[PDB]
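Only one chain is included here, represented as structure tokens and corresponding to the form deposited in one PDB entry.
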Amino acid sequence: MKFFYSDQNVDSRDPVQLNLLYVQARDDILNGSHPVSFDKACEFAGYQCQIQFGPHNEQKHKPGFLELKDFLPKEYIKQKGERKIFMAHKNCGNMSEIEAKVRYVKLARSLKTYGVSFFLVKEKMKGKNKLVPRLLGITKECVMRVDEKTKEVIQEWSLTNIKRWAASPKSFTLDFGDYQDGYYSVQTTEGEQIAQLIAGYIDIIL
């Protein structure tokens, strides 16, 4: 099931409710709840700058001005994206605080990762001692594998195509029956939590 997001839903919000949506979307990105690419994180941060400081001011917003911890998810603090952030901030021109929050919320809703519950798991490659980290996302409609570093969506399965599933204290397993050869099984210490989430979306045969 493919959902279309409303553009008007965002614009029609009351300043109060808009701020509420913004804070929620912003916090999810900053705390890692909503995984985004480095480029996108800087784009969001640019809007955040416009919102917190007003129009970009070269006389004050110089290299080293930003506390990156407050503008980027932790995994990007080292890639030093202040340059990109300031470029996005400057690109906002004289955009109002309201317009910036609107674009922020729409940008978040435009991503395939929006509204997805993610878990960091490890995939095992046949005969290869070294695992491959991967973001496993779940929604009422689907399951998706996401690149841990780039956040590229590499695979998606409809939740209704899961024939059966299982969990253990060290793994999580999905069986799609004839849709593919073999299970999708990953190592994780959160398998039981993942299985419970899925059980809240699809019922179990008793």
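Think of the rigid core as the biggest set of C-alphas that the two forms share within 1.5 Å after superposition. One rule holds for the numbers: they count along the sequence shown, beginning at 1. Residues that one form lacks are left out of the comparison.
Note: missing coordinates for residue 128 occur in a third or more of the other compared entries bracketing this position. Looking at mean Cα B-factors across 48 to 56 and 137 to 145, the upper value is held by 48 to 56.
Comparing 155 to 163 with 176 to 184, the stretch with the higher mean C-alpha B-factor in the PDB entry is 176 to 184. Taking the deposited Cα B-factors for 122, 101, 128, 89, the highest one is held by 128.
Residues shown: 61, 40, 34, 26. Highest C-alpha temperature factor in the entry: 61. Placement of the Cα temperature factor of residue 18 within the chain: highest third of the modelled residues, per the deposited record.
Sort the chain's modelled residues by C-alpha temperature factor and residue 116 lands in the lowest third, per the entry. Ranked within its chain, residue 132 lands in the highest third, by CA B factor from the PDB record. The deposited CA B-factor of residue 72 belongs to the middle third of values across its chain.
Another form, the form solved in complex with a partner chain, is not on view; read the next lines as being about it.
Proximity to the partner chain in the bound PDB entry, taken as a non-hydrogen atom within 4.5 angstroms, holds for one residue of 39, 28, 175, 148, which is 175.
Heavy atoms within 4.5 Å of the partner chain in the bound PDB entry map, among the stretches 30 to 38, 62 to 70, 154 to 162, 46 to 54, onto 154 to 162 alone. No member of the trio 118, 131 and 142 reaches the partner chain in the bound PDB entry with any non-hydrogen atom inside 4.5 Å. Lining up the core between the shown form and the other one shows that one residue from 180, 158, 155, 52 moves its Cα 2 Å or more, and that residue is 180. The pair residue 148 and residue 178 is at least 3 angstroms closer at the CA level in the bound PDB entry than in the present model. Note on residue 178 and residue 145: their C-alpha atoms are nearer in the bound PDB entry, a change of at least 3 Å from this conformation. When the two forms are overlaid on the core, consecutive residue runs of 3+ whose CA positions all differ by 2 Å or more between the shown form and the other one map to 178 to 181, 203 to 206.
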